[PDB]
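Please read the structure below before turning to the comments.
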Amino acid sequence: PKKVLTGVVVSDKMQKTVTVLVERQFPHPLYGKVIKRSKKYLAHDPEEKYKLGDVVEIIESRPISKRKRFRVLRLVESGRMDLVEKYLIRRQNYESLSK
Amino acid sequence: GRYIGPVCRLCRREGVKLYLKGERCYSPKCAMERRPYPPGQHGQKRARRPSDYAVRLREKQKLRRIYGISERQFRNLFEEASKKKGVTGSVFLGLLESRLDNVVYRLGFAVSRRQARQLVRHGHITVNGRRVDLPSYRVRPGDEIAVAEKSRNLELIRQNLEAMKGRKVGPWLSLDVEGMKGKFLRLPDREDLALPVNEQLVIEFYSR
Amino acid sequence: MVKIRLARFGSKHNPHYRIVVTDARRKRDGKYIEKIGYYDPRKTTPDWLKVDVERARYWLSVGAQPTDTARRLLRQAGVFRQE
Amino acid sequence: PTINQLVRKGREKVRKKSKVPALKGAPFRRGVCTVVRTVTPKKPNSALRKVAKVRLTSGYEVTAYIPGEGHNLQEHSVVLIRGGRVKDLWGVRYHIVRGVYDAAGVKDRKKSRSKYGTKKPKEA
Amino acid sequence: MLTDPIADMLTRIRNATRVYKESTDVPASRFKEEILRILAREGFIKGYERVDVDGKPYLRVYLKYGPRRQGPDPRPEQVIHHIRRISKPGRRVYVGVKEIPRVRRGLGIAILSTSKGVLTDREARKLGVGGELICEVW
RNA sequence: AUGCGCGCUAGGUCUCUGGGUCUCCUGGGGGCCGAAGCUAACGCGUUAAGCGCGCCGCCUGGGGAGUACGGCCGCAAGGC
RNA sequence: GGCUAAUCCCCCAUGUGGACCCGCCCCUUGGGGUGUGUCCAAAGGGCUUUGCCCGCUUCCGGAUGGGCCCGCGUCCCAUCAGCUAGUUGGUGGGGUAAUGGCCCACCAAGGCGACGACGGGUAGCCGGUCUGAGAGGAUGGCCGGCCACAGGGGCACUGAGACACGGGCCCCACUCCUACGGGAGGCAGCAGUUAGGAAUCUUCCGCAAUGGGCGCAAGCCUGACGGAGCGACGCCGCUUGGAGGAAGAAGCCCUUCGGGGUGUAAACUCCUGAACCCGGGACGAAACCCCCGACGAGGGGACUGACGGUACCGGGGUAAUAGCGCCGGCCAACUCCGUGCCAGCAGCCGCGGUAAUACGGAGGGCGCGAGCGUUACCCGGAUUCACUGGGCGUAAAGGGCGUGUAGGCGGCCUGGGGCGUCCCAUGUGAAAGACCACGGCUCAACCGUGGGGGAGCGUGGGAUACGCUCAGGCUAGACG
Ligand SMILES: [Mg+2]
Ligand SMILES: [Mg+2]
Ligand SMILES: [Mg+2]
Ligand SMILES: [Mg+2]
Ligand SMILES: [Mg+2]
Ligand SMILES: [Mg+2]
Ligand SMILES: [Mg+2]
Ligand SMILES: [Mg+2]
Ligand SMILES: [Mg+2]
Ligand SMILES: [Mg+2]
Ligand SMILES: [Mg+2]
Ligand SMILES: [Mg+2]
Ligand SMILES: [Mg+2]
Ligand SMILES: [Mg+2]
Ligand SMILES: [Mg+2]
Ligand SMILES: [Mg+2]
Ligand SMILES: [Mg+2]
Ligand SMILES: [Mg+2]
Ligand SMILES: [Mg+2]
Ligand SMILES: [Mg+2]
Ligand SMILES: [Mg+2]
Ligand SMILES: [Mg+2]
Ligand SMILES: [Mg+2]
Ligand SMILES: [Mg+2]
Ligand SMILES: [Mg+2]
Ligand SMILES: [Mg+2]
Ligand SMILES: [Mg+2]
Ligand SMILES: [Mg+2]
Ligand SMILES: [Mg+2]
Ligand SMILES: [Mg+2]
Ligand SMILES: [Mg+2]
Ligand SMILES: [Mg+2]
Ligand SMILES: [Mg+2]
Ligand SMILES: [Mg+2]
Ligand SMILES: [Mg+2]
Ligand SMILES: [Mg+2]
Ligand SMILES: [Mg+2]
Ligand SMILES: [Mg+2]
Ligand SMILES: [Mg+2]
Ligand SMILES: [Mg+2]
Ligand SMILES: [Mg+2]
Ligand SMILES: [Mg+2]
Ligand SMILES: [Mg+2]
Ligand SMILES: [Mg+2]
Ligand SMILES: [Mg+2]
Ligand SMILES: [Mg+2]
Ligand SMILES: [Mg+2]
Ligand SMILES: [Mg+2]
Ligand SMILES: [Mg+2]
Ligand SMILES: [Mg+2]
Ligand SMILES: [Mg+2]
Ligand SMILES: [Mg+2]
Ligand SMILES: [Mg+2]
Ligand SMILES: [Mg+2]
Ligand SMILES: [Mg+2]
Ligand SMILES: [Mg+2]
Ligand SMILES: [Mg+2]
Ligand SMILES: [Mg+2]
Ligand SMILES: [Mg+2]
Ligand SMILES: [Mg+2]
Ligand SMILES: [Mg+2]
Ligand SMILES: [Mg+2]
Ligand SMILES: [Mg+2]
Ligand SMILES: [Mg+2]
Ligand SMILES: [Mg+2]
Ligand SMILES: [Mg+2]
Ligand SMILES: [Mg+2]
Ligand SMILES: [Mg+2]
Ligand SMILES: [Mg+2]
Ligand SMILES: [Mg+2]
Ligand SMILES: [Mg+2]
Ligand SMILES: [Mg+2]
Ligand SMILES: [Mg+2]
Ligand SMILES: [Mg+2]
Ligand SMILES: [Mg+2]
Ligand SMILES: [Mg+2]
Ligand SMILES: [Mg+2]
Ligand SMILES: [Mg+2]
Ligand SMILES: [Mg+2]
Ligand SMILES: [Mg+2]
Ligand SMILES: [Mg+2]
Ligand SMILES: [Mg+2]
Ligand SMILES: [Mg+2]
Ligand SMILES: [Mg+2]
Ligand SMILES: [Mg+2]
Ligand SMILES: [Mg+2]
Ligand SMILES: [Mg+2]
Ligand SMILES: [Mg+2]
Ligand SMILES: [Mg+2]
Ligand SMILES: [Mg+2]
Ligand SMILES: [Mg+2]
Ligand SMILES: [Mg+2]
Ligand SMILES: [Mg+2]
Ligand SMILES: [Mg+2]
Ligand SMILES: [Mg+2]
Ligand SMILES: [Mg+2]
Ligand SMILES: [Mg+2]
Ligand SMILES: [Mg+2]
Ligand SMILES: [Mg+2]
Ligand SMILES: [Mg+2]
Ligand SMILES: [Mg+2]
Ligand SMILES: [Mg+2]
Ligand SMILES: [Mg+2]
Ligand SMILES: [Mg+2]
Ligand SMILES: [Mg+2]
Ligand SMILES: [Mg+2]
Ligand SMILES: [Mg+2]
Ligand SMILES: [Mg+2]
Ligand SMILES: [Mg+2]
Ligand SMILES: [Mg+2]
Ligand SMILES: [Mg+2]
Ligand SMILES: [Mg+2]
Ligand SMILES: [Mg+2]
Ligand SMILES: [Mg+2]
Ligand SMILES: [Mg+2]
Ligand SMILES: [Mg+2]
Ligand SMILES: [Mg+2]
Ligand SMILES: [Mg+2]
Ligand SMILES: [Mg+2]
Ligand SMILES: [Mg+2]
Ligand SMILES: [Mg+2]
Ligand SMILES: [Mg+2]
Ligand SMILES: [Mg+2]
Ligand SMILES: [Mg+2]
Ligand SMILES: [Mg+2]
Ligand SMILES: [Mg+2]
Ligand SMILES: [Mg+2]
Ligand SMILES: [Mg+2]
Ligand SMILES: [Mg+2]
Ligand SMILES: [Mg+2]
Ligand SMILES: [Mg+2]
Ligand SMILES: [Mg+2]
Ligand SMILES: [Mg+2]
Ligand SMILES: [Mg+2]
Ligand SMILES: [Mg+2]
Ligand SMILES: [Mg+2]
Ligand SMILES: [Mg+2]
Ligand SMILES: [Mg+2]
Ligand SMILES: [Mg+2]
Ligand SMILES: [Mg+2]
Ligand SMILES: [Mg+2]
Ligand SMILES: [Mg+2]
Ligand SMILES: [Mg+2]
Ligand SMILES: [Mg+2]
Ligand SMILES: [Mg+2]
Ligand SMILES: [Mg+2]
Ligand SMILES: [Mg+2]
Ligand SMILES: [Mg+2]
Ligand SMILES: [Mg+2]
Ligand SMILES: [Mg+2]
Ligand SMILES: [Mg+2]
Ligand SMILES: [Mg+2]
Ligand SMILES: [Mg+2]
Ligand SMILES: [Mg+2]
Ligand SMILES: [Mg+2]
Ligand SMILES: [Mg+2]
Ligand SMILES: [Mg+2]
Ligand SMILES: [Mg+2]
Ligand SMILES: [Zn+2]
């Protein structure tokens, strides 16, 4: 089991590389609620074939750069941009918050 | 240093006869006739309604001084019997009453509990043929406890034994008085034994 | 290299050994690959040695190397005995 | 608070301040005296309490009580410090153990002696 | 809307009985019906029927209490002395089978929702399954 | 000195604005007195301080102190 | 400067085979074929010398040991809010056992962050441990696992492996020798010294055992280790006696001056017999080795014990250390005298200014006992950070009000998926430890053998109520 996850591509900007956002949920070990976290995975797209908004399965793969350890398996859902504009809204959120 | 000091005195404190004395704790001297108060300047003074603590402490002390062992050894016992499957009280009793020294007493090879200890520790006894000179030793049942022969004719032995010709023994025990063998058959339940102690108050003392 | 030997389990003076497959560079007393038996020099029991050959034999087949005192115990349970 | 509050925020675990820098953490620390002196206590009491400002091996200089009936210390008497505070004078935060170093025991106490540092006399 | 529906059904029951109402309506759901069914069978409510109030579906619980008691405060013993929710939304509560709660020394129950469907503790145990712990009743 | 929202739990009385076959009924605000229930008491009680669910803010002995330092805001005074 | 041997080093060959470029075949990240080309092997030694041992060589497997990589868990401060140029990806190359900005050239302009980046502080991590009803809190000494260092900092070399603690180089501090040119160390191995400190041991014996290195072997090395020593540091076992003995001596305390207490305690009587003396005296040790047989399987035979004349066994034998805290409530234990807001006690209240159960001594008592106290520290009590398991009208505590971003939460029906969720099977969850059972040292402590359980994560299979999710539908919420 090379681990395989799934998530949304929020990153177009790379030569041969995509950013996938993978959510997980899980019970919180004291307060008990189930809580929902995630990370940005840096991913390998040799032919530039996965495009913004796609929702893809992601794979544990032999190493690619400082940071890509993951190649894209398959497409599952195509074009759901709510996800993309939720995380994207949250990053435009950021730069409230400072000085 | 174990207890080892005046005694018909703590008969007095504990507020009732214990027989750590043997012959003469059955006298009309046990000092319990003649003196049902406690030691001290204040023994004859009017009582004070005791503390829940007090009472529990007292019960423990009683149980202790009867069996006549150290707090340490005693508590390590209770804790042990607490841990074991079964009812913490009656097991305490089982275990206590399962001490070699006390088996010797209960088999009547000695007059008092303390005598029975010195008896053991001086080499006089054997459990299933090998002399066993620690008094703590646990008698498991099916164990036979004899005066070993070198001591079989010495004085005090013949004293007790030939004086216990005819007596009944505790019903978890057997006696061949000729051979001065005895068998520890089974374990005592609460009223298999006698004791002037509400054991449950001891359980409570330790729950503090 | 991989070794079949003694590892010391008693107390001071009351010396019990585990028979043991291990890479020879371990502490003798440290973590090991398989326990294959026990050995009690002072012969305190009815059984002061046990082996289960079928297992020892496997390791032998892969170049497990018994120390001498090891191999005496092995062949003592006749892990070695031919027919 | 809600649970999403607790998940979001959490509970604050809560620490305590030592009632001493006898420092290290050490259970006693030695030192030498600067002043050895007599002080008065607060509202409900009067006496003359006896105490030493002591410079310590922990670098800190402190005041220590000098317990017990009577005593021997002076300017360079060096003594060991114990810890334990004296209610009703101010900032005496440690006690002097008597009978270690230059601090003598308390002469003639027949009674509670292990405290007060006095040797069991000969029952004769 | 009602944030937790199921709760408000149990709390409706609660307020009803402590004023001794002979019955009460709860806006009808099927899983709510489920819980009711279990309360019924297990002896806590008199039973329930499915109804219509202004062309909307309700489930009228009828309820019980013990006898009239002597001395001052004749008020009669409650039958449902206590009933309480456990899983809520945004605190969800699930048990293994080994984690399934024994209640009031046994005199109570616990109604948990398995994928075997809705069960009393003791049912879930003989069935041997876990789920969302919904309530305890007793 | 009482965050918002929704649902449940006797009444009685005075009132403001609607609707009704207008004694009275039925909405939605404001008052008082009370059922159950709550509360340390005082009190609260369908305008909950009662029964429940969601979500936010917040509390953690008195003093030092809303002070010091830091940051941010302000012209300042001063604010957070 | 000269000579010389090898299992040292080259050169040609043999090519089982393997390396590499290219081509096809299967297979799918660089796996297995296969074909042409090219490139690559070796080392001798001992003899019970013509056939056995120990070695060498290329290849394929095993086995053990590791490198690298990924999910997830992993302290405090937001009064640290932004961080980033090898940063981030691409191509090509360099390096390596091997992926990869690990490095380097060129190209692109990324990457990270309130799901807490960046900075600051603190810390080795675990198995476990301690406490706790649990949940939690604390901890990581000793034994085991992993990592990291070897006076500070760099750096390679040689090897299968190191970037090597008793290996090499350089810079730095420090020490020592020095013909002032230059040299020499590196106990965080055992012991020991010294400094520091409240404080932590012998410059011991042994190479008998177990384990390690080299040796065909005998053997050699082994402060790993097996043992002794020292400290009540800890635990466990044990002694300071056992039975009798007064209406109860003296002494001392109290006293209504009758008596009350110490107290069967003592004295005394009898019995036992720690200590100490004598005699025997271990187990741990049977292999390596030699013999027969085949250097095999199997059989037969010899040696070897530091601890130790110890443990243990038999004989003899003396009545043989008691102490410390406490006695106003919390809390088990009371009186007299002294003292007079003093001397002093004290954990909190509080006690002491002439009747003090609270200070000091006495007699008595209570508690533990080779210990008993104090100090420090952790958990606890403390449901006093409240998950279990708390609060906010006036006790601390509702933001001055709104608006909405993120985020949390989500009415009734039907259906698909089955992520949460639940069940089964299986793998994993090393050993110690914890628990249970037997068992071994006369018990225990300590120890062995067996058994049980276990959260979590991997893989397969299954359930679909609830939570999700897609689909479709309603109208009690919302809105028009
Ligand atoms: Mg692209
Ligand atoms: Mg690349
Ligand atoms: Mg692919
Ligand atoms: Mg930015
Ligand atoms: Mg802000
Ligand atoms: Mg005494
Ligand atoms: Mg007589
Ligand atoms: Mg029990
Ligand atoms: Mg009898
Ligand atoms: Mg019986
Ligand atoms: Mg009796
Ligand atoms: Mg009774
Ligand atoms: Mg307890
Ligand atoms: Mg055998
Ligand atoms: Mg005063
Ligand atoms: Mg002087
Ligand atoms: Mg203190
Ligand atoms: Mg005192
Ligand atoms: Mg589970
Ligand atoms: Mg305010
Ligand atoms: Mg009504
Ligand atoms: Mg009108
Ligand atoms: Mg109204
Ligand atoms: Mg009112
Ligand atoms: Mg009322
Ligand atoms: Mg209403
Ligand atoms: Mg009204
Ligand atoms: Mg209002
Ligand atoms: Mg309300
Ligand atoms: Mg309130
Ligand atoms: Mg607090
Ligand atoms: Mg404060
Ligand atoms: Mg102000
Ligand atoms: Mg500051
Ligand atoms: Mg300022
Ligand atoms: Mg400015
Ligand atoms: Mg101002
Ligand atoms: Mg030359
Ligand atoms: Mg060579
Ligand atoms: Mg070939
Ligand atoms: Mg390649
Ligand atoms: Mg190949
Ligand atoms: Mg070829
Ligand atoms: Mg060639
Ligand atoms: Mg040659
Ligand atoms: Mg050779
Ligand atoms: Mg290794
Ligand atoms: Mg491997
Ligand atoms: Mg591996
Ligand atoms: Mg560059
Ligand atoms: Mg490259
Ligand atoms: Mg290398
Ligand atoms: Mg490089
Ligand atoms: Mg390019
Ligand atoms: Mg995150
Ligand atoms: Mg640091
Ligand atoms: Mg830490
Ligand atoms: Mg550190
Ligand atoms: Mg534990
Ligand atoms: Mg426990
Ligand atoms: Mg707590
Ligand atoms: Mg725990
Ligand atoms: Mg930790
Ligand atoms: Mg250490
Ligand atoms: Mg370690
Ligand atoms: Mg370093
Ligand atoms: Mg050094
Ligand atoms: Mg330096
Ligand atoms: Mg260095
Ligand atoms: Mg080498
Ligand atoms: Mg290193
Ligand atoms: Mg060295
Ligand atoms: Mg140098
Ligand atoms: Mg010089
Ligand atoms: Mg050097
Ligand atoms: Mg040296
Ligand atoms: Mg040293
Ligand atoms: Mg010194
Ligand atoms: Mg040592
Ligand atoms: Mg030692
Ligand atoms: Mg030597
Ligand atoms: Mg050896
Ligand atoms: Mg060896
Ligand atoms: Mg080694
Ligand atoms: Mg060898
Ligand atoms: Mg030879
Ligand atoms: Mg030689
Ligand atoms: Mg040497
Ligand atoms: Mg040692
Ligand atoms: Mg010492
Ligand atoms: Mg006599
Ligand atoms: Mg008398
Ligand atoms: Mg007298
Ligand atoms: Mg007198
Ligand atoms: Mg008299
Ligand atoms: Mg006597
Ligand atoms: Mg006489
Ligand atoms: Mg004699
Ligand atoms: Mg001899
Ligand atoms: Mg031997
Ligand atoms: Mg032998
Ligand atoms: Mg040898
Ligand atoms: Mg021979
Ligand atoms: Mg031959
Ligand atoms: Mg031969
Ligand atoms: Mg042989
Ligand atoms: Mg042999
Ligand atoms: Mg010798
Ligand atoms: Mg001798
Ligand atoms: Mg003897
Ligand atoms: Mg004798
Ligand atoms: Mg004597
Ligand atoms: Mg005597
Ligand atoms: Mg107590
Ligand atoms: Mg009292
Ligand atoms: Mg005076
Ligand atoms: Mg006067
Ligand atoms: Mg006077
Ligand atoms: Mg007086
Ligand atoms: Mg007075
Ligand atoms: Mg007094
Ligand atoms: Mg006191
Ligand atoms: Mg006193
Ligand atoms: Mg005394
Ligand atoms: Mg002891
Ligand atoms: Mg605490
Ligand atoms: Mg407690
Ligand atoms: Mg608690
Ligand atoms: Mg607190
Ligand atoms: Mg509280
Ligand atoms: Mg809570
Ligand atoms: Mg509170
Ligand atoms: Mg509230
Ligand atoms: Mg307030
Ligand atoms: Mg307000
Ligand atoms: Mg809003
Ligand atoms: Mg939203
Ligand atoms: Mg929805
Ligand atoms: Mg949602
Ligand atoms: Mg729903
Ligand atoms: Mg469905
Ligand atoms: Mg599933
Ligand atoms: Mg299916
Ligand atoms: Mg494993
Ligand atoms: Mg499992
Ligand atoms: Mg285990
Ligand atoms: Mg268990
Ligand atoms: Mg045994
Ligand atoms: Mg154990
Ligand atoms: Mg196990
Ligand atoms: Mg298992
Ligand atoms: Mg467990
Ligand atoms: Mg299991
Ligand atoms: Mg576990
Ligand atoms: Mg599955
Ligand atoms: Mg289905
Ligand atoms: Mg829909
Ligand atoms: Mg419509
Ligand atoms: Zn008596």
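Chains as they are written, first to last, in the UniProt record's numbering: chain H, 2 to 100; chain Y, 2 to 209; chain X, 1 to 83; chain R, 5 to 128; chain V, 1 to 138.
Even for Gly, the Cβ is constructed at its ideal location relative to N, Cα and C.
Q: Tell me whether residue 1(Y) sits in a helix, a strand or coil according to DSSP, three-state version.
A: Since the displayed chain Y opens at 2 and closes at 209, residue 1(Y) lies outside it and no answer follows.
Q: Note down, in chain order, every chain V residue with its Cβ under 9 angstroms from the Cβ of residue 100(H).
A: Residues of chain V whose Cβ lies closer than 9 angstroms to the Cβ of residue 100(H) do not exist; the shortest such Cβ separation is about 35 angstroms.
Q) When the Cα atoms are used, what is the spatial distance from residue 54(R) to residue 90(R)? A) Cα to Cα, residue 54(R) sits roughly 11 angstroms from residue 90(R).
Q.
Would residue 53(X) and residue 77(X) be called neighbours here (beta carbons separated by less than 8 angstroms)?
A. A contact, by the Cβ cut-off of 8 angstroms.
Q. Around the Cβ of residue 92(H), are there at least 16 other Cβ atoms within 10 angstroms (buried) or fewer (exposed)?
A. Counting other Cβ atoms within 10 Å of its Cβ, residue 92(H) stays below 16 and is therefore classed as exposed.
Q: Mind listing the chain H neighbours of residue 90(V)? Cutoff is C-beta to C-beta under 8 angstroms, in chain order.
A: The answer, in chain order, is 34.
**Q.** Cβ of residue 8(R) within 8 angstroms of any chain H Cβ
**A.** Among the residues facing chain H, residue 8(R) is included, as its CB has a counterpart in that chain under 8 angstroms away.
Q | Check whether residue 101(V) and residue 133(V) have beta carbons under 8 angstroms apart | A | Taking 8 angstroms as the cut-off, the Cβ atoms of residue 101(V) and residue 133(V) count as close.
Q) Leaving out five residues before and five after residue 144(Y) in sequence, what residues of the same chain have Cβ atoms less than 8 angstroms from its Cβ? A) Excluding sequence positions up to five before and after residue 144(Y), its CB lies within less than 8 angstroms of the CB of 128, 129, 184 and 185, all in the same chain and listed in chain order.
(Q) Under 8 angstroms: do the region 57–68 of chain Y and the region 11–25 of chain Y share three or more Cβ pairs, one atom per stretch? (A) Yes, the region 57–68 of chain Y is in contact with the region 11–25 of chain Y.
Q. By DSSP, does residue 104(Y) sit in helix, in strand, or in coil?
A. Helix.
**Q.** Residue range of the unbroken beta strand (DSSP E) whose run includes residue 84(R)
**A.** 82–85 is the span of the beta strand (DSSP E), which, as asked, contains residue 84(R).
Q. Since residue 91(Y) and residue 3(Y) are thought to touch, with beta carbons under 8 angstroms apart, how far apart are those beta carbons, to the nearest angstrom?
A. Their Cβ separation, rounded to whole angstroms, is 26 angstroms, which puts residue 91(Y) and residue 3(Y) out of contact at 8 angstroms.
Q: Following the continuous alpha helix (DSSP H) through residue 124(V), name the residue where it begins and the one where it ends.
A: 121–127 is the span of the alpha helix (DSSP H), which, as asked, contains residue 124(V).
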